[PDB]
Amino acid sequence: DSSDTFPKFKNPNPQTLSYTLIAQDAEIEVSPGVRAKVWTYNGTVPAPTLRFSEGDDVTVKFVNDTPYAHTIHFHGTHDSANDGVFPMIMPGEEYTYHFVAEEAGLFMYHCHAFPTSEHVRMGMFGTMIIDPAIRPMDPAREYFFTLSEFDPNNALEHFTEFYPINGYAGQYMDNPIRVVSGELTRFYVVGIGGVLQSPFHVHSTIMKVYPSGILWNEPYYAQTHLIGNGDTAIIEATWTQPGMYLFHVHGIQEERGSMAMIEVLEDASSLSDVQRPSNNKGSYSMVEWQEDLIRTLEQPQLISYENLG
């Protein structure tokens, strides 16, 4: 019960929610002037951020529109039929993953077909935010970020050409992450590389971090937080002085597209039409702005197949 933990809590008002994710091969821009073949859910890398509340009855209809077998493996608690290792979902097929959201927190989903590292390297990963039932997280402006490894010439290169934040290298340099002076900000960060780990660092302020994205834990304070591959972190920070700052993975990643600008604004008024009310009651989601920008920059061109069997 420490004032900063969120214990497991049976949702008094659960909802039944549904998503449809389609495995789709595509050509996307991953960096200025660099087009690459990817394997995706719904045409972008990262895949759509899924978001619901602890206790909700979640259904994800997965459709395989590629010539290869695929699955979706969600992090979190569920049974074997919903764990995305068996069965393989064959071309043309549909499989309904179904589970009650058992734990709040920050999770990920990604393909688990052999070889899993290759499928993740090709783009088949996304974010799953499960908001707590006992009470909302503190009112905040919310962004999500995946930290990944991408090489357009050799998908399994040990040291990849790019280490993008949200798939497109360097996008938040030309389109800064906007925060408001004195306003709480919350970052949902997903570590989904395969070789190096990710020391996540934010300039000019101290992070409040929930280890592993699990809200049962007492948070701790960090200048840098190491996020292992396959792990997440929910991070809160406040910037009090307007101006431009940075955040990035701390290492060679930041020379290869793991770099973002933070613009601290004195007032929120330019964000009124961009933000959406959050599933955390009282918070402001910028996730939709982020996903619009990802699609705008990646300019996906699907590879549409005819057989599928």
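Don't overthink the numbering: it's just position in the shown sequence, from 1.
A.B. asks: Out of 118-126 and 92-100, which stretch has the higher average CA B-factor listed in the record?
C.D. replies: Result: 92-100.
A.B. asks: According to the deposited model, is the average Cα temperature factor higher in 243-251 or in 262-270?
C.D. replies: Stretch with the greater average CA B-factor: 262-270.
A.B. asks: According to the deposited entry, which of 140, 81, 179, 234 has the largest Cα B-factor?
C.D. replies: Within the set 140, 81, 179, 234, 81 shows the top C-alpha B-factor.
A.B. asks: In the PDB entry, which of 163, 221, 86, 144 has its C-alpha at the highest B-factor?
C.D. replies: Among 163, 221, 86, 144, the PDB entry lists the largest C-alpha B-factor for 86.
A.B. asks: Can you tell me which third, lowest, middle or highest, the CA B-factor of residue 69 falls into for its chain?
C.D. replies: Top third by C-alpha B-factor.
A.B. asks: Which third, lowest, middle or highest, does the C-alpha temperature factor of residue 152 belong to within its own chain?
C.D. replies: Ranked within chain, residue 152 CA B lands in the highest tercile.
A.B. asks: Considering every modelled residue of the chain and its Cα B-factor in the PDB entry, is residue 283 in the lowest, middle or highest third?
C.D. replies: It falls in the bottom third of the chain.
A.B. asks: For residue 108, does the deposited CA B-factor place it in the lowest, middle or highest third of the chain?
C.D. replies: Answer is lowest: the recorded C-alpha B-factor places it there.
A.B. asks: Thinking about Cα B factors across the chain, which third does residue 34 belong to?
C.D. replies: It falls in the top third of the chain.
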